[PDB]
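A short worksheet on the structure shown next.
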Number of protein chains: 2
Amino acid sequence: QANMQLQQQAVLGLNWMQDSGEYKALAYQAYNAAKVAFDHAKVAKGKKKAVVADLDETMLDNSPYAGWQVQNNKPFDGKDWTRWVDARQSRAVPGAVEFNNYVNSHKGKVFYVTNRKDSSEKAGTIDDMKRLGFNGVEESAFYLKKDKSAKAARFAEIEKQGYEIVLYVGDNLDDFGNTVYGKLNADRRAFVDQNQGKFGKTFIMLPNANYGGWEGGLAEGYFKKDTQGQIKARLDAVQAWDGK
Amino acid sequence: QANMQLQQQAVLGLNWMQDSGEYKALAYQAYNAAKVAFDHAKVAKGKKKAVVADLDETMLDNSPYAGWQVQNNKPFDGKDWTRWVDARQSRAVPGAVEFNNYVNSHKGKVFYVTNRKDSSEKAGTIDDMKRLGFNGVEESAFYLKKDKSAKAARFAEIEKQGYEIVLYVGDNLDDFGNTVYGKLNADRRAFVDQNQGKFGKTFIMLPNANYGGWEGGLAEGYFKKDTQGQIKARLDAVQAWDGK
Ligand SMILES: [Mg+2]
Ligand SMILES: [Mg+2]
């Protein structure tokens, strides 16, 4: 079964994210850099400091859902995801709560720009964030997904309210704008090169070895491929020594 | 074959490290934070600024060796590794060369504290670093492995020469000292919590989802286990949602 082969390929990275001190250190590193950036951030007169944050694998830890997929040879499925969200068992990414709370209590506002669904996933999301200790989780802080997954229009909506976004936090390049949304990894790496100086300053990265736009970035129409095609795409993407 | 099962479990993380812009951004983020830390670093009178750096998966990219293991269902093997090192095809971790060169040209010195072997792996290592554009790769910059893999004694040797180490760079917690060398992941995460404020300041982290002390940290005597035991240890480490 290709589905088992697909989820087994995620095991080592899942162990790293769930179990390693190294992952935790990377999360602390990101949020420590984020505080410094925020502290230094200069905003135009008349504007207020905004911080834009992704949720999944940035502030909220959904790794147990991935663990359930590994244990049950399951592809990603929307109804399964909703059930996870409603299960209200999300954990916090290390450092995220303290950073969020720091911003909101020091002349800033964190906005949660997230592709959790506004219709069916808002309630579980807000419940979890409250439980985990995130302050300022009132309804208006969230820009949840309606139809589109691209985020720039939501960022623009925030700027319309007289905020200047000083920082973007995420685990996916698409958490920083639309430049490479739906693009292959060559283009995505190019964007990173073009913006090298922004990382750990304006664009704050969290690690995610399990899923993301980089996964779709492995091949044209990757997400339209069947499990075998995705497996083939992954294997074809491997850069290998000739052993000589 | 358990060996195939062992290497297939690394595929998704390998795709992420080799192909994603996200990995590249994390590397730039680390080295950008490192420059800031270095710039701000205050050293006691009479001392010179030292930066201590790991090589493998910190400054040097050995991912093609991992790709060769995946393609050939191979465990890690020392002679295979030496052959890789001598192949002189190492790549540079994004941002590492520029950071190294910045330090060495701004009143500092990068020392390479590495478990590449002083006897058999020095030549390939220095050749690659020269080719990749690292400055200051004279013999005395390297503290390569003799017998012991623990690094603190080498850090101490650097401090004996009248350097103060302002920064440590690595992908493994053991790149920061001996506190959790050979320890399980619970202890390793505890160290990270105890030192939360140092990450992205004094301790600079690079991502490695493929291997490390976190892998040994999955179970008591993990590295003494046969391939199946390591597979079992990995699977047992999975934290999973109950699906309800
Ligand atoms: Mg995310
Ligand atoms: Mg290393």
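We label chains A, B, ... in the order they appear in the structure tokens, count residues from 1 in each chain, and number ligands from 1 in the order shown.
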Near chain B, meaning an atom within 7 Å, which residues of chain A appear when counting only C-alpha atoms? Write them as an mmCIF file with N, CA and C atoms, in the first residue's frame.
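Saved to out_5.cif:
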data_model
loop_
_atom_site.group_PDB
_atom_site.id
_atom_site.type_symbol
_atom_site.label_atom_id
_atom_site.label_comp_id
_atom_site.auth_asym_id
_atom_site.auth_seq_id
_atom_site.Cartn_x
_atom_site.Cartn_y
_atom_site.Cartn_z
ATOM 1 N N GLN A 8 5.060 6.540 6.286
ATOM 2 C CA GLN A 8 6.309 6.053 6.881
ATOM 3 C C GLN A 8 7.465 6.999 6.559
ATOM 4 N N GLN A 9 7.384 7.649 5.400
ATOM 5 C CA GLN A 9 8.415 8.578 4.956
ATOM 6 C C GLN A 9 8.490 9.832 5.826
ATOM 7 N N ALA A 10 7.462 10.051 6.646
ATOM 8 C CA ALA A 10 7.414 11.201 7.547
ATOM 9 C C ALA A 10 7.892 10.895 8.968
ATOM 10 N N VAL A 11 8.185 9.631 9.261
ATOM 11 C CA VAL A 11 8.415 9.206 10.647
ATOM 12 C C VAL A 11 9.596 9.912 11.319
ATOM 13 N N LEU A 12 10.761 9.905 10.669
ATOM 14 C CA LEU A 12 11.963 10.471 11.296
ATOM 15 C C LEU A 12 11.791 11.961 11.601
ATOM 16 N N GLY A 13 11.238 12.707 10.646
ATOM 17 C CA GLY A 13 10.943 14.128 10.855
ATOM 18 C C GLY A 13 9.921 14.368 11.958
ATOM 19 N N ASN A 15 9.461 12.308 14.633
ATOM 20 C CA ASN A 15 10.270 12.074 15.842
ATOM 21 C C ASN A 15 11.044 13.342 16.210
ATOM 22 N N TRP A 16 11.684 13.950 15.211
ATOM 23 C CA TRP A 16 12.470 15.173 15.444
ATOM 24 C C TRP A 16 11.585 16.300 15.975
ATOM 25 N N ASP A 19 9.942 15.004 19.605
ATOM 26 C CA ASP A 19 10.755 14.483 20.704
ATOM 27 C C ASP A 19 12.046 15.276 20.951
ATOM 28 N N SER A 20 12.582 15.946 19.929
ATOM 29 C CA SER A 20 13.939 16.493 20.078
ATOM 30 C C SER A 20 13.986 17.801 20.856
ATOM 31 N N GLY A 21 15.061 17.977 21.622
ATOM 32 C CA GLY A 21 15.340 19.293 22.201
ATOM 33 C C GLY A 21 15.707 20.292 21.110
ATOM 34 N N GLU A 22 16.285 19.791 20.013
ATOM 35 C CA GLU A 22 16.728 20.620 18.896
ATOM 36 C C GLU A 22 15.565 21.380 18.280
ATOM 37 N N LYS A 24 12.754 22.102 19.820
ATOM 38 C CA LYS A 24 12.367 23.078 20.847
ATOM 39 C C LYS A 24 13.277 24.309 20.807
ATOM 40 N N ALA A 25 14.574 24.074 20.656
ATOM 41 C CA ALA A 25 15.554 25.162 20.613
ATOM 42 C C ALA A 25 15.334 26.056 19.393
ATOM 43 N N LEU A 26 15.002 25.443 18.259
ATOM 44 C CA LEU A 26 14.696 26.200 17.051
ATOM 45 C C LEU A 26 13.466 27.080 17.256
ATOM 46 N N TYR A 28 12.278 28.278 20.300
ATOM 47 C CA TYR A 28 12.768 29.346 21.156
ATOM 48 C C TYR A 28 13.630 30.344 20.385
ATOM 49 N N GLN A 29 14.523 29.839 19.538
ATOM 50 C CA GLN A 29 15.367 30.730 18.721
ATOM 51 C C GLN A 29 14.531 31.709 17.876
ATOM 52 N N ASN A 32 12.642 34.181 20.195
ATOM 53 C CA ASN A 32 13.610 35.131 20.776
ATOM 54 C C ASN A 32 14.029 36.170 19.724
ATOM 55 N N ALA A 33 14.317 35.709 18.509
ATOM 56 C CA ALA A 33 14.600 36.641 17.407
ATOM 57 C C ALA A 33 13.400 37.541 17.135
ATOM 58 N N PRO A 64 0.238 15.607 17.140
ATOM 59 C CA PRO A 64 -0.492 14.365 17.428
ATOM 60 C C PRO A 64 -1.394 13.901 16.270
ATOM 61 N N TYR A 65 -1.886 14.840 15.460
ATOM 62 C CA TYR A 65 -2.681 14.473 14.282
ATOM 63 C C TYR A 65 -1.788 13.722 13.288
ATOM 64 N N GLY A 67 0.824 12.046 14.099
ATOM 65 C CA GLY A 67 1.109 10.770 14.751
ATOM 66 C C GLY A 67 -0.030 9.789 14.537
ATOM 67 N N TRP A 68 -1.251 10.308 14.550
ATOM 68 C CA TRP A 68 -2.421 9.481 14.248
ATOM 69 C C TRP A 68 -2.395 8.974 12.794
ATOM 70 N N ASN A 172 5.850 28.271 6.830
ATOM 71 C CA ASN A 172 5.643 28.123 5.387
ATOM 72 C C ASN A 172 5.944 29.485 4.752
ATOM 73 N N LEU A 173 6.691 29.504 3.643
ATOM 74 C CA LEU A 173 7.020 30.769 2.968
ATOM 75 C C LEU A 173 5.762 31.563 2.606
ATOM 76 N N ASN A 185 9.573 24.407 -5.877
ATOM 77 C CA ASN A 185 10.628 24.743 -4.918
ATOM 78 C C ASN A 185 11.781 25.592 -5.444
ATOM 79 N N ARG A 188 10.656 28.980 -5.035
ATOM 80 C CA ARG A 188 10.520 29.258 -3.602
ATOM 81 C C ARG A 188 11.887 29.538 -2.964
ATOM 82 N N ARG A 189 12.898 28.760 -3.353
ATOM 83 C CA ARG A 189 14.263 29.009 -2.896
ATOM 84 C C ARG A 189 14.775 30.361 -3.424
ATOM 85 N N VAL A 192 13.547 33.098 -1.294
ATOM 86 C CA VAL A 192 14.353 33.101 -0.062
ATOM 87 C C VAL A 192 15.694 33.805 -0.296
ATOM 88 N N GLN A 196 17.030 37.247 1.629
ATOM 89 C CA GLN A 196 17.927 36.628 2.614
ATOM 90 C C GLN A 196 18.017 37.430 3.910
ATOM 91 N N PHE A 199 15.073 37.276 6.951
ATOM 92 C CA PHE A 199 14.869 36.126 7.831
ATOM 93 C C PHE A 199 15.517 36.311 9.191
ATOM 94 N N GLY A 200 14.707 36.087 10.221
ATOM 95 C CA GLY A 200 15.103 36.315 11.608
ATOM 96 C C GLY A 200 14.986 37.790 11.947
ATOM 97 N N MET A 205 10.885 32.364 10.884
ATOM 98 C CA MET A 205 10.632 30.986 10.449
ATOM 99 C C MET A 205 10.593 29.991 11.601
ATOM 100 N N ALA A 209 9.128 19.882 9.083
ATOM 101 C CA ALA A 209 9.625 18.866 8.168
ATOM 102 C C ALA A 209 8.543 17.908 7.690
ATOM 103 N N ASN A 210 7.294 18.134 8.112
ATOM 104 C CA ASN A 210 6.216 17.157 7.914
ATOM 105 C C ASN A 210 5.310 17.451 6.718
ATOM 106 N N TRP A 214 6.196 23.483 0.574
ATOM 107 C CA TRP A 214 7.402 22.866 0.034
ATOM 108 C C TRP A 214 7.090 21.465 -0.476
ATOM 109 N N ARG A 234 8.608 12.680 -4.400
ATOM 110 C CA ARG A 234 9.535 12.762 -3.269
ATOM 111 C C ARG A 234 10.855 12.075 -3.620
ATOM 112 N N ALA A 237 12.995 13.835 -6.122
ATOM 113 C CA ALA A 237 13.546 15.088 -5.611
ATOM 114 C C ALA A 237 14.846 14.871 -4.844
ATOM 115 N N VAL A 238 15.145 13.618 -4.505
ATOM 116 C CA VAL A 238 16.341 13.298 -3.728
ATOM 117 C C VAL A 238 17.598 13.594 -4.555
ATOM 118 N N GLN A 239 18.466 14.422 -3.982
ATOM 119 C CA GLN A 239 19.784 14.733 -4.531
ATOM 120 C C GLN A 239 20.762 13.745 -3.880
ATOM 121 N N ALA A 240 21.403 12.904 -4.694
ATOM 122 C CA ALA A 240 22.219 11.806 -4.163
ATOM 123 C C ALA A 240 23.662 11.757 -4.663
ATOM 124 N N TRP A 241 24.564 11.442 -3.740
ATOM 125 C CA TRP A 241 25.950 11.107 -4.046
ATOM 126 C C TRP A 241 25.981 9.836 -4.900
ATOM 127 N N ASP A 242 26.942 9.747 -5.821
ATOM 128 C CA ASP A 242 27.058 8.561 -6.673
ATOM 129 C C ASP A 242 27.766 7.395 -5.968
ATOM 130 N N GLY A 243 28.239 7.636 -4.743
ATOM 131 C CA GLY A 243 28.897 6.601 -3.938
ATOM 132 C C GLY A 243 30.351 6.304 -4.287
#
_Which residues are close to residue 156 of chain B, i.e. within 12 Å by only C-alpha atoms, leaving aside same-chain residues fewer than 3 positions away? Reply as a VMD selection string._
chain B and resid 50 52 113 143 150 to 153 159 to 165 177 to 178
For the residues in the current selection, export N, CA and C atoms as a short mmCIF file (atom, residue, chain, number, x, y, z; two decimals), in the first residue's frame.
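The result, written out as out.cif:
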data_model
loop_
_atom_site.label_atom_id
_atom_site.label_comp_id
_atom_site.auth_asym_id
_atom_site.auth_seq_id
_atom_site.Cartn_x
_atom_site.Cartn_y
_atom_site.Cartn_z
N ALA B 50 35.91 34.69 20.15
CA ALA B 50 35.82 33.41 19.44
C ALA B 50 34.38 33.05 19.12
N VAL B 52 32.50 29.46 18.07
CA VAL B 52 32.71 28.04 17.89
C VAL B 52 31.63 27.51 16.95
N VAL B 113 34.84 23.05 15.49
CA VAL B 113 34.90 21.94 16.43
C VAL B 113 34.01 20.84 15.89
N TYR B 143 39.43 21.83 15.38
CA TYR B 143 39.54 20.90 16.49
C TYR B 143 38.74 19.67 16.11
N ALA B 150 32.47 13.93 22.55
CA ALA B 150 32.06 15.07 23.38
C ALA B 150 32.95 16.28 23.11
N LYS B 151 32.36 17.48 23.08
CA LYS B 151 33.10 18.65 22.59
C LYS B 151 33.63 19.66 23.62
N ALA B 152 33.14 19.60 24.85
CA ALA B 152 33.46 20.66 25.83
C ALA B 152 34.96 20.84 26.09
N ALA B 153 35.71 19.74 26.09
CA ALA B 153 37.16 19.82 26.33
C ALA B 153 37.87 20.64 25.24
N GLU B 159 39.51 28.41 24.96
CA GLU B 159 39.50 29.42 26.03
C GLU B 159 40.85 29.56 26.72
N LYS B 160 41.65 28.49 26.69
CA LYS B 160 43.00 28.51 27.27
C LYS B 160 43.94 29.44 26.50
N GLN B 161 43.63 29.66 25.23
CA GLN B 161 44.44 30.51 24.36
C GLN B 161 44.07 31.99 24.48
N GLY B 162 43.20 32.32 25.43
CA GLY B 162 42.80 33.70 25.66
C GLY B 162 41.68 34.17 24.74
N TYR B 163 40.88 33.24 24.26
CA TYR B 163 39.65 33.58 23.56
C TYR B 163 38.49 33.49 24.54
N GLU B 164 37.51 34.36 24.37
CA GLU B 164 36.22 34.18 25.01
C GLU B 164 35.23 33.80 23.92
N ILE B 165 34.58 32.65 24.10
CA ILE B 165 33.61 32.17 23.13
C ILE B 165 32.29 32.93 23.29
N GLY B 177 27.82 22.16 24.37
CA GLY B 177 28.52 21.71 25.57
C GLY B 177 28.22 20.24 25.82
N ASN B 178 28.53 19.78 27.03
CA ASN B 178 28.41 18.35 27.36
C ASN B 178 27.21 18.02 28.24
#
*Straight-line distance linking atom CA of residue 109 of chain B with atom CA of residue 181 of chain B, stated in Å to one decimal*: 25.5 Å
_Just the number, please: distance in Å from atom CA of residue 49 of chain B to atom CA of residue 134 of chain B, one decimal._
18.0 Å
Could you please write out, as a tab-separated table (two decimals) with N, CA and C atoms, in the first residue's frame, every residue of segment 82-240 of chain A that DSSP assigns to alpha helix (DSSP H)?
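Final file, selection_8.tsv:
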chain	number	residue	atom	x	y	z
A	82	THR	N	-10.94	18.45	10.75
A	82	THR	CA	-11.98	19.13	11.52
A	82	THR	C	-12.21	18.44	12.87
A	83	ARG	N	-12.26	17.11	12.85
A	83	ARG	CA	-12.43	16.31	14.06
A	83	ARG	C	-11.27	16.53	15.03
A	84	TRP	N	-10.05	16.59	14.49
A	84	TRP	CA	-8.87	16.94	15.28
A	84	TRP	C	-9.03	18.32	15.91
A	85	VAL	N	-9.39	19.31	15.10
A	85	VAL	CA	-9.57	20.68	15.57
A	85	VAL	C	-10.61	20.72	16.70
A	86	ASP	N	-11.72	20.01	16.51
A	86	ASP	CA	-12.79	19.97	17.51
A	86	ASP	C	-12.42	19.17	18.75
A	87	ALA	N	-11.44	18.27	18.61
A	87	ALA	CA	-10.93	17.47	19.73
A	87	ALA	C	-10.29	18.34	20.81
A	96	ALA	N	5.77	30.40	21.71
A	96	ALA	CA	4.73	31.15	20.98
A	96	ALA	C	3.82	31.97	21.90
A	97	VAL	N	3.40	31.36	23.00
A	97	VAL	CA	2.48	32.02	23.94
A	97	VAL	C	3.11	33.27	24.56
A	98	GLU	N	4.34	33.11	25.05
A	98	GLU	CA	5.07	34.19	25.68
A	98	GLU	C	5.31	35.32	24.68
A	99	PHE	N	5.65	34.97	23.44
A	99	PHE	CA	5.88	36.00	22.43
A	99	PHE	C	4.60	36.77	22.13
A	100	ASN	N	3.54	36.03	21.87
A	100	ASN	CA	2.22	36.61	21.62
A	100	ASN	C	1.85	37.59	22.72
A	101	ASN	N	1.94	37.12	23.96
A	101	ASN	CA	1.57	37.93	25.12
A	101	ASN	C	2.46	39.16	25.31
A	102	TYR	N	3.75	39.00	25.03
A	102	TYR	CA	4.70	40.11	25.06
A	102	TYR	C	4.28	41.22	24.10
A	103	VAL	N	4.00	40.83	22.86
A	103	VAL	CA	3.60	41.79	21.81
A	103	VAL	C	2.36	42.56	22.23
A	104	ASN	N	1.31	41.83	22.64
A	104	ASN	CA	0.02	42.43	22.97
A	104	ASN	C	0.07	43.34	24.19
A	122	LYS	N	-13.18	27.62	13.75
A	122	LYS	CA	-12.98	28.77	14.62
A	122	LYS	C	-13.11	28.41	16.11
A	123	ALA	N	-14.19	27.72	16.47
A	123	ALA	CA	-14.53	27.43	17.87
A	123	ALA	C	-13.45	26.62	18.59
A	124	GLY	N	-13.04	25.51	17.98
A	124	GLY	CA	-11.97	24.67	18.53
A	124	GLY	C	-10.67	25.44	18.65
A	125	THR	N	-10.37	26.21	17.61
A	125	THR	CA	-9.16	27.04	17.55
A	125	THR	C	-9.10	28.03	18.71
A	126	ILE	N	-10.15	28.84	18.87
A	126	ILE	CA	-10.17	29.83	19.93
A	126	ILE	C	-10.12	29.16	21.32
A	127	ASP	N	-10.87	28.07	21.48
A	127	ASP	CA	-10.86	27.31	22.73
A	127	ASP	C	-9.45	26.86	23.12
A	128	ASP	N	-8.71	26.30	22.15
A	128	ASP	CA	-7.36	25.82	22.39
A	128	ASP	C	-6.40	26.94	22.75
A	129	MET	N	-6.48	28.05	22.02
A	129	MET	CA	-5.59	29.18	22.27
A	129	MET	C	-5.82	29.80	23.64
A	130	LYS	N	-7.09	29.90	24.03
A	130	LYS	CA	-7.45	30.34	25.38
A	130	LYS	C	-6.83	29.41	26.43
A	131	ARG	N	-7.07	28.12	26.27
A	131	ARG	CA	-6.54	27.10	27.19
A	131	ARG	C	-5.01	27.14	27.27
A	132	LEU	N	-4.35	27.37	26.14
A	132	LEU	CA	-2.89	27.36	26.08
A	132	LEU	C	-2.26	28.63	26.65
A	152	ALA	N	-2.09	37.11	1.37
A	152	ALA	CA	-1.74	38.54	1.23
A	152	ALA	C	-2.94	39.49	1.36
A	153	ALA	N	-4.09	39.09	0.85
A	153	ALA	CA	-5.29	39.93	0.93
A	153	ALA	C	-5.71	40.19	2.39
A	154	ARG	N	-5.55	39.18	3.23
A	154	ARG	CA	-5.81	39.31	4.67
A	154	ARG	C	-4.79	40.23	5.34
A	155	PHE	N	-3.52	40.11	4.95
A	155	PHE	CA	-2.50	41.04	5.43
A	155	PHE	C	-2.88	42.48	5.07
A	156	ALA	N	-3.37	42.67	3.84
A	156	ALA	CA	-3.78	43.98	3.36
A	156	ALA	C	-4.95	44.52	4.18
A	157	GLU	N	-5.86	43.63	4.59
A	157	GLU	CA	-7.03	44.05	5.39
A	157	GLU	C	-6.60	44.61	6.74
A	158	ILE	N	-5.55	44.01	7.29
A	158	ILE	CA	-4.98	44.45	8.55
A	158	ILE	C	-4.38	45.86	8.41
A	159	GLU	N	-3.65	46.08	7.31
A	159	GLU	CA	-3.02	47.38	7.02
A	159	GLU	C	-4.03	48.49	6.76
A	160	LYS	N	-5.23	48.11	6.29
A	160	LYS	CA	-6.31	49.06	6.05
A	160	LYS	C	-6.83	49.69	7.34
A	185	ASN	N	9.57	24.41	-5.88
A	185	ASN	CA	10.63	24.74	-4.92
A	185	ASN	C	11.78	25.59	-5.44
A	186	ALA	N	12.14	25.44	-6.72
A	186	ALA	CA	13.17	26.30	-7.32
A	186	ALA	C	12.80	27.79	-7.14
A	187	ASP	N	11.58	28.15	-7.55
A	187	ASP	CA	11.07	29.52	-7.37
A	187	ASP	C	11.02	29.93	-5.89
A	188	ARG	N	10.66	28.98	-5.03
A	188	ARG	CA	10.52	29.26	-3.60
A	188	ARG	C	11.89	29.54	-2.96
A	189	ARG	N	12.90	28.76	-3.35
A	189	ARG	CA	14.26	29.01	-2.90
A	189	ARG	C	14.78	30.36	-3.42
A	190	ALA	N	14.40	30.71	-4.66
A	190	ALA	CA	14.77	31.99	-5.27
A	190	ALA	C	14.25	33.18	-4.45
A	191	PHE	N	12.98	33.09	-4.03
A	191	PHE	CA	12.36	34.10	-3.16
A	191	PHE	C	13.17	34.24	-1.87
A	192	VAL	N	13.55	33.10	-1.29
A	192	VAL	CA	14.35	33.10	-0.06
A	192	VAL	C	15.69	33.81	-0.30
A	193	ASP	N	16.37	33.49	-1.40
A	193	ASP	CA	17.61	34.20	-1.73
A	193	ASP	C	17.41	35.71	-1.89
A	194	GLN	N	16.32	36.09	-2.56
A	194	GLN	CA	16.00	37.51	-2.82
A	194	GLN	C	15.73	38.29	-1.54
A	213	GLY	N	3.84	24.01	1.82
A	213	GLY	CA	3.94	24.40	0.42
A	213	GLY	C	5.20	23.85	-0.24
A	214	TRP	N	6.20	23.48	0.57
A	214	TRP	CA	7.40	22.87	0.03
A	214	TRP	C	7.09	21.47	-0.48
A	215	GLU	N	6.09	20.82	0.14
A	215	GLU	CA	5.70	19.48	-0.29
A	215	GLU	C	5.05	19.54	-1.66
A	216	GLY	N	4.07	20.42	-1.84
A	216	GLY	CA	3.49	20.69	-3.16
A	216	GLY	C	4.56	21.16	-4.15
A	227	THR	N	-1.21	8.91	-4.40
A	227	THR	CA	-0.19	8.66	-3.37
A	227	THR	C	1.15	8.21	-3.99
A	228	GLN	N	1.11	7.28	-4.95
A	228	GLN	CA	2.30	6.82	-5.66
A	228	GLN	C	3.04	7.93	-6.36
A	229	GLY	N	2.30	8.82	-7.01
A	229	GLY	CA	2.89	10.00	-7.72
A	229	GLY	C	3.60	10.93	-6.76
A	230	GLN	N	3.01	11.13	-5.58
A	230	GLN	CA	3.63	11.93	-4.54
A	230	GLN	C	4.88	11.21	-4.04
A	231	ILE	N	4.79	9.90	-3.81
A	231	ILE	CA	5.97	9.09	-3.45
A	231	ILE	C	7.07	9.19	-4.51
A	232	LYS	N	6.70	9.01	-5.78
A	232	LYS	CA	7.64	9.17	-6.89
A	232	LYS	C	8.23	10.58	-6.91
A	233	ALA	N	7.38	11.60	-6.77
A	233	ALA	CA	7.86	12.99	-6.71
A	233	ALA	C	8.88	13.22	-5.59
A	234	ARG	N	8.61	12.68	-4.40
A	234	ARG	CA	9.53	12.76	-3.27
A	234	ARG	C	10.86	12.07	-3.62
A	235	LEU	N	10.78	10.83	-4.08
A	235	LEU	CA	12.01	10.10	-4.40
A	235	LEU	C	12.81	10.76	-5.52
A	236	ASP	N	12.12	11.31	-6.52
A	236	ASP	CA	12.77	11.97	-7.65
A	236	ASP	C	13.47	13.25	-7.22
A	237	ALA	N	13.00	13.83	-6.12
A	237	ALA	CA	13.55	15.09	-5.61
A	237	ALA	C	14.85	14.87	-4.84
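The coordinates place atom CA of residue 74 of chain B at 16.7 Å from atom CA of residue 224 of chain B.
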_Considering only strand (DSSP E or B) as DSSP defines it on the backbone, what residues of segment 36-150 of chain A qualify? List them as a count of residues only._
25
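In terms of minimum interatomic distance to residue 58 of chain B, B:114 ranks closest within B:140, B:149, B:114, B:202, counting only C-alpha atoms.
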